[PDB]
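The structure under discussion appears below in the form of structure tokens.
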Amino acid sequence: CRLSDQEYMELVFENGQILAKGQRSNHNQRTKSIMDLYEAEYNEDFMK
Amino acid sequence: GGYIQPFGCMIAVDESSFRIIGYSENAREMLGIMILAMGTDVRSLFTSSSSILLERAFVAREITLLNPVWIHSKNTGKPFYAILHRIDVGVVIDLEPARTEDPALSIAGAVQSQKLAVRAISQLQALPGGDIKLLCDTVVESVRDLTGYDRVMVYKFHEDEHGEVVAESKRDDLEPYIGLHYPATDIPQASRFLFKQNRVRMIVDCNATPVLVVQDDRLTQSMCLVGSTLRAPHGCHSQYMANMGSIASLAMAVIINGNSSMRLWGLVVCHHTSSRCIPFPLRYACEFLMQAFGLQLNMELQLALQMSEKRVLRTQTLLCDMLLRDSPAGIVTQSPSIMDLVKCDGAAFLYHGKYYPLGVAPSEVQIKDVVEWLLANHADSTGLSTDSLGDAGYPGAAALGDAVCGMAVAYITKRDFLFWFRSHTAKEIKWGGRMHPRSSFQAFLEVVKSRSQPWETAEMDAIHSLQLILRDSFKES
Amino acid sequence: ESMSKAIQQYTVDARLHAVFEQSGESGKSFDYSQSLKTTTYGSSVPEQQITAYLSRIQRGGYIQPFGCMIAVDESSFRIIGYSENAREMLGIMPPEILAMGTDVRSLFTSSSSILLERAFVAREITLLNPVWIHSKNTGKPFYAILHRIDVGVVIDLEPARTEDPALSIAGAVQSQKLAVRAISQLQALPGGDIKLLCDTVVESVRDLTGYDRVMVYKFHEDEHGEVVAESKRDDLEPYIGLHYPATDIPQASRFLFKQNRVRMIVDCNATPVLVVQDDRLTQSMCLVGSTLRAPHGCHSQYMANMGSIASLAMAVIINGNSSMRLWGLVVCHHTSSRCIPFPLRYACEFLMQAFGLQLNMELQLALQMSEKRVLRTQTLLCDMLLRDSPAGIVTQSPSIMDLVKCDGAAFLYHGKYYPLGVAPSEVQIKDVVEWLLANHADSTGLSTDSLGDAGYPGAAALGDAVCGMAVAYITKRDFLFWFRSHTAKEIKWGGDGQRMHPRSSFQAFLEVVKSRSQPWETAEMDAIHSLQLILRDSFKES
Ligand SMILES: *[C@@H](C)[C@H]1/C(=C/c2[nH]c(/C=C3N=C(/C=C4/NC(=O)C(C=C)=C4C)C(C)=C\3CCC(=O)O)c(CCC(=O)O)c2C)NC(=O)[C@@H]1C
Ligand SMILES: *[C@@H](C)[C@H]1/C(=C/c2[nH]c(/C=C3N=C(/C=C4/NC(=O)C(C=C)=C4C)C(C)=C\3CCC(=O)O)c(CCC(=O)O)c2C)NC(=O)[C@@H]1C
């Protein structure tokens, strides 16, 4: 039950069938809450 | 005038001339001033662009749809998220400081609130629409992921306004509050109305010293801070939260459609262990998710009602078909019985002296005693239903104990009867775990002692239709 | 993967695309009607044509000229492909600053580069998407949307309005609050009607964006489309009630619409922009997720011919039985160039999600109500059979016609013929019985959508009055008949098929459904089978 991000997929025609092969077959899953991600990424420290 | 939590400001002005009529006691120190005094112009306290935005918000009819406003301070230049509403006296603005002063990151956050809400709702709509427990668990999981609190639960208000925790997700170091019930008195009606109006209520610190709002000496009465999001909680609730252990909270509102006017189905309450403030985009993402939650809950409720109607109709048809074959005494002798029409712990049929029990039913002596009592008081009626045998008129209810607390009777002619019994509301409640949830529990039990769950309208009409079938069949012979 | 309409339609889409390209290259005109009539719904196409068609649709290397595209390698921030107009847009032109193999962090400002780096090294979800950046030379504010392909990161850069950032935040909060109000108004609606829901949604959408025309397309089981609501601009010609063939929206395009929720076309007459790539890369870039992908020439020509210059299409997705299904689209059309900002698209997506949820509501509730009504009608018919002779079930009301939506009913009891509504004559039904017993003898039923395609030699003289016939085998001599008329009777719209215009689409659709009734749903056959079982048991008791 993770939020994740929209992953796009492309139709290919193989073995006499139309299969929606994914782009990147994918470790290091997220282990921190979205609150921690917001507090880390939105860090305006390099503007000193 | 009231009180406010010390994480924001409060300024009330006249709508026509932007004329100050009352300010919070911390406004002249958080806005960087020291000018405020009493009775000054707010446009002079902000930058030109912020003043233009404020005037544009003021002029528009619906003061909503223009909230929040990213105004800027004038003496320090720090940003300030401002929320506006109308108090019939004037316009009230609440300023909550923004901790992202970058003009580039703020826009990214303002769009990411919408993106996060869309992603969470898209996750919500993947589940099949056939149950409510899965919906509640998914909602609490998503809310815990977005907010990162220490505990998230869902409260459900019953027909007598008492609550029951139906879903929960916690950091597994604390006791689990799933399956607990509390009486209706724990939530005042005014608080329910306020939750119906402003479908968000966030308390940052329960031990924070409230700040008095300074009023003006030209207007009667105290201004209504009901619509404000900075209103300080009552002392009783602060004591309750301090005793429970939680220090911060964020209660949303689940609102469904009913008989049209809306109905407060329940809340979604998040609890922490230390002061948590949370940033604005996550708050708005949760607020946007609650709407889809309410829509799906209404869907599930209506579908469940239709399914229950269909099931009751099928059961009644099967019962009537079994009745028509041979003697009418075959109703109870076969596997499909009366106990399937209604949610009951026992059933009984009194037909020509001979008595047929099923499940948790009293003995024959108590049965004829009940018949005598019924024929004493209610003789000309057609049916009766008491959620408690005692307190209703039965003198012998003490002998029954906590097994026949609830009862519903239907007379056939004047002497043959159909009874549906029900035990007290303590055999289906577990909660395996000074104001404290332990005190509220089992005080709910003393409130509901020697009483069964009330009979719903659908069951009453099902019983009425079946009874009419008995009258028709027995009139045929 | 064979009987489904989509797989059969893929080959027809490939054939039509090839025909369009051949006509275009040879200096001719794409004849819509002749091309649609010539190719059938079957499949006689090899693997190479389908593969090439899919590659051309998904990997075309052409974007719309309202934003730039830059692709980089995740390893060392190195450009591996870009659009030409980027040099125009970023202001790089007067040692090359935009040459392949450069550092993409030297094109923007230092803070923008740092934000890009933070958004680059990430995880399953990142919290800077899109980013608000500034070009190095001029200072143009750019909205950068990043997504991932099999070889690197694709960045779509769209220009933004240069103004006070407070106005930038306001333009998003107001657009989101409008959608919130629309959803709230959608909530407080008397349930049980779909038409009112659609008519509210179209008005809310038109008030939100502000286009010159908004319509809702619903897809049937045949996979064709129908306009179910419309909010025009007074002097514009109405399109409500229009029906267009299934081939107008290819299956691959439907998949793409389901992938990216909101797809916008700014100008249908602008010149598409080429994308330059690397020599080492095997195949062309994948523009399957880029918000700048240019429409194929066929749709651009269609939009130019019919009158629209801009477009904004959104997807209506319901839950099918986990699994998502495309119920239809909500499409806004304009009469000039129109490029709405980014937050409006997200607000529209939110509104579409709410609309889909309420649609699932109404569909499931309607199905339950239909089941209840069918049960009540069947019980009443059984009571009527018990109280009187079997012929009673056709004499008074409610009768067998009330069981399913049809135009006529017929009962054949030992030579006696009981017709209700529109129905064939005596000799006509006798010949129908003869053919039915000759062809399908060992069967308990037969449901056909067209008596012509089924094999009945008498369908031609039968006429358009009855076209579909559902049969129930009560005995070897007694049957139950339900008759339904052709689809064109309820098809009514207030409106040389060379050009590609909605009138030609309507003509093609009317040609497609010639001598064909509406599909027989499964629930109708279930009810017919239940009635057949009850009648069979009752008559076997006698
Ligand atoms: C004292 C005056 C009475 C009182 C007042 C009061 N309560 C609320 C809000 C809530 N009361 C909750 C109580 C409980 N008890 C539980 O068993 C439990 C959870 C399992 C909780 C948290 C409750 C569910 C709420 C709403 C959620 C929350 O805010 O935490 C309020 C409103 C406070 C405000 O919003 O400003 C008042 C005034 N409650 C009592 O129990 C006393 C008899
Ligand atoms: C040429 C290759 C074939 C073709 C391709 C094609 N169509 C679309 C998208 C749409 N086709 C629509 C058609 C019609 N016809 C109508 O009757 C009508 C309105 C009353 C319209 C607009 C249609 C509804 C769409 C969806 C988008 C929209 O509403 O404009 C596409 C996808 C384009 C994209 O990527 O956005 C392609 C490639 N269509 C034909 O008619 C040719 C046979």
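Order determines the names: the first chain of the structure tokens is A, the second B, and so forth; residues in each chain are numbered 1 upward, and ligands are numbered 1 upward as they are shown.
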
Please produce, as a Markdown table, a per-residue contact table for chain C versus ligand 2 (criterion: any atom at most 6 Å away, only C-alpha atoms and all ligand atoms considered), showing the nearest atom pair and its distance in Å to one decimal, sorted by chain then residue number.
| residue | atom | partner | partner_atom_place_in_ligand_line | distance |
| --- | --- | --- | --- | --- |
| C:17 | CA | ligand 2 | 2 (C) | 5.1 |
| C:244 | CA | ligand 2 | 17 (O) | 5.2 |
| C:247 | CA | ligand 2 | 43 (C) | 5.9 |
| C:248 | CA | ligand 2 | 41 (O) | 3.9 |
| C:249 | CA | ligand 2 | 11 (N) | 4.5 |
| C:253 | CA | ligand 2 | 32 (C) | 5.1 |
| C:295 | CA | ligand 2 | 35 (O) | 4.6 |
| C:296 | CA | ligand 2 | 38 (C) | 5.3 |
| C:298 | CA | ligand 2 | 1 (C) | 4.0 |
| C:299 | CA | ligand 2 | 6 (C) | 4.8 |
| C:313 | CA | ligand 2 | 27 (C) | 5.8 |
| C:331 | CA | ligand 2 | 29 (O) | 5.3 |
| C:502 | CA | ligand 2 | 17 (O) | 4.4 |
| C:505 | CA | ligand 2 | 17 (O) | 5.5 |

Output the selection as a tab-separated table (two decimals), in the first residue's frame - N, CA, C and O atoms for each residue.
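Once everything was written out, this is selection-v2.tsv:
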chain	number	residue	atom	x	y	z
C	17	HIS	N	-4.72	2.96	-41.36
C	17	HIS	CA	-3.53	3.80	-41.27
C	17	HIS	C	-2.66	3.65	-42.51
C	17	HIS	O	-2.17	4.65	-43.07
C	244	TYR	N	-21.28	7.54	-34.00
C	244	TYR	CA	-20.19	7.40	-34.94
C	244	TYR	C	-19.57	6.00	-34.84
C	244	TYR	O	-19.61	5.38	-33.77
C	247	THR	N	-14.38	2.62	-35.52
C	247	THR	CA	-13.06	2.85	-36.08
C	247	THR	C	-12.60	4.30	-35.96
C	247	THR	O	-11.43	4.58	-36.22
C	248	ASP	N	-13.49	5.22	-35.58
C	248	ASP	CA	-13.10	6.62	-35.46
C	248	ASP	C	-12.08	6.82	-34.35
C	248	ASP	O	-11.25	7.73	-34.43
C	249	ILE	N	-12.12	5.99	-33.32
C	249	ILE	CA	-11.16	6.03	-32.23
C	249	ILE	C	-10.44	4.68	-32.19
C	249	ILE	O	-10.97	3.69	-31.70
C	253	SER	N	-5.21	4.30	-29.60
C	253	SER	CA	-5.52	5.63	-29.09
C	253	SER	C	-6.35	5.55	-27.82
C	253	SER	O	-6.17	6.37	-26.90
C	295	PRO	N	-0.48	14.82	-32.51
C	295	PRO	CA	-1.45	13.88	-33.08
C	295	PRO	C	-1.06	13.49	-34.49
C	295	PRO	O	-0.38	14.23	-35.21
C	296	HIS	N	-1.50	12.30	-34.90
C	296	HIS	CA	-1.23	11.83	-36.24
C	296	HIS	C	-1.97	12.70	-37.26
C	296	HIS	O	-2.92	13.42	-36.93
C	298	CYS	N	-4.06	12.09	-39.54
C	298	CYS	CA	-5.47	11.81	-39.76
C	298	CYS	C	-6.35	12.64	-38.82
C	298	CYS	O	-7.30	13.30	-39.26
C	299	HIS	N	-6.03	12.64	-37.53
C	299	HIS	CA	-6.84	13.41	-36.58
C	299	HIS	C	-6.67	14.90	-36.78
C	299	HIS	O	-7.63	15.66	-36.59
C	313	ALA	N	-9.14	16.27	-24.19
C	313	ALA	CA	-9.88	15.03	-23.97
C	313	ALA	C	-9.49	14.41	-22.64
C	313	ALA	O	-8.30	14.31	-22.31
C	331	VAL	N	-15.03	15.57	-23.80
C	331	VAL	CA	-14.17	16.26	-24.76
C	331	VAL	C	-14.64	17.70	-24.91
C	331	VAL	O	-15.83	17.96	-25.10
C	502	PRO	N	-18.38	15.00	-39.33
C	502	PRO	CA	-19.35	14.24	-38.53
C	502	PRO	C	-20.55	13.73	-39.31
C	502	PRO	O	-21.08	12.67	-38.98
C	505	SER	N	-19.44	10.57	-40.78
C	505	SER	CA	-19.37	9.55	-39.73
C	505	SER	C	-20.75	8.99	-39.42
C	505	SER	O	-20.91	7.78	-39.25

Protein and nucleic residues near ligand 1, 6 Å, only C-alpha atoms and all ligand atoms, as a PyMOL selection string: chain B and resi 182+185-188+191+233-234+236-237+251+437+440

Contact set, chain A to chain C: 6 Å, only C-alpha atoms, as a VMD selection string: chain A and resid 4 to 5 23 to 24

Contact residues around stretch 217-221 of chain B with only C-alpha atoms at 10 Å, ignoring same-chain residues under 6 positions, as a VMD selection string: chain B and resid 1 21 to 22 89

For the residues in that selection, give me C-alpha atoms as a short mmCIF file (atom, residue, chain, number, x, y, z; two decimals), in the first residue's frame.
data_model
loop_
_atom_site.label_atom_id
_atom_site.label_comp_id
_atom_site.auth_asym_id
_atom_site.auth_seq_id
_atom_site.Cartn_x
_atom_site.Cartn_y
_atom_site.Cartn_z
CA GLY B 1 -14.07 36.98 22.66
CA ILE B 21 -12.27 45.98 14.67
CA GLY B 22 -10.31 43.36 16.63
CA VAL B 89 -19.88 41.49 11.72
#

All alpha helix (DSSP H) residues (DSSP, backbone) inside stretch 222-447 of chain B, as a ChimeraX atom specification: /B:235-244,280-324,364-377,397-400,437-440,443-447

Chain B residues near chain A (12 Å cut-off, only C-alpha atoms) as a ChimeraX atom specification: /B:99-109,112-113,115-124,126,137-150,276-283,285

Quick one: contact table of stretch 98-212 of chain C to stretch 29-49 of chain B, 12 Å max, nearest atom pair and distance in Å to one decimal per residue, counting only C-alpha atoms, chain and number order, as a Markdown table?
| residue | atom | partner | partner_atom | distance |
| --- | --- | --- | --- | --- |
| C:163 | CA | B:49 | CA | 11.0 |
| C:164 | CA | B:49 | CA | 8.1 |
| C:165 | CA | B:49 | CA | 10.2 |
| C:166 | CA | B:49 | CA | 8.2 |
| C:167 | CA | B:49 | CA | 9.1 |

Chain B residues near chain C (9 Å cut-off, only C-alpha atoms) as a VMD selection string: chain B and resid 49 to 50 53 64 to 72 103 to 112 114 to 115 117 to 118 121 to 122 125 to 129 256 to 257 260 to 262 288 291 to 292 295 to 296 298 to 300 302 to 303 306 to 307 310

For residue C:465: contacts at 8 Å, only C-alpha atoms, fewer than 3 positions along chain excluded, given as a VMD selection string: chain C and resid 422 462 484 to 486

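Distances here use only C-alpha atoms; by that measure, the residue among C:97, C:191, C:307, C:402 closest to residue C:363 is C:191.
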
Test item: residues at most 10 Å from residue B:367, only C-alpha atoms, excluding those fewer than 6 positions along its chain, as a ChimeraX atom specification: /B:348,350,355,361,373,419

Output the selection as a CSV table (one decimal), in the first residue's frame - N, CA, C and O atoms for each residue.
chain,number,residue,atom,x,y,z
B,348,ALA,N,-39.6,-17.8,18.7
B,348,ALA,CA,-40.6,-18.6,19.4
B,348,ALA,C,-42.0,-18.5,18.7
B,348,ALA,O,-42.3,-17.4,18.2
B,350,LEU,N,-46.1,-19.6,19.3
B,350,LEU,CA,-47.1,-20.1,20.2
B,350,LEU,C,-48.3,-20.3,19.3
B,350,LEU,O,-49.0,-19.3,18.9
B,355,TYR,N,-46.0,-25.0,22.2
B,355,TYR,CA,-45.0,-23.9,22.1
B,355,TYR,C,-43.7,-24.4,21.4
B,355,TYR,O,-43.2,-25.4,21.8
B,361,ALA,N,-34.4,-18.9,23.9
B,361,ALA,CA,-35.7,-18.6,24.2
B,361,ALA,C,-36.1,-18.9,25.6
B,361,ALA,O,-35.5,-19.8,26.2
B,373,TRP,N,-49.1,-11.0,30.5
B,373,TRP,CA,-48.8,-9.6,30.7
B,373,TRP,C,-49.2,-8.8,29.4
B,373,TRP,O,-49.6,-7.6,29.5
B,419,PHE,N,-42.7,-14.5,18.4
B,419,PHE,CA,-41.7,-13.8,19.2
B,419,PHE,C,-40.3,-13.9,18.6
B,419,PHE,O,-39.9,-14.9,18.2
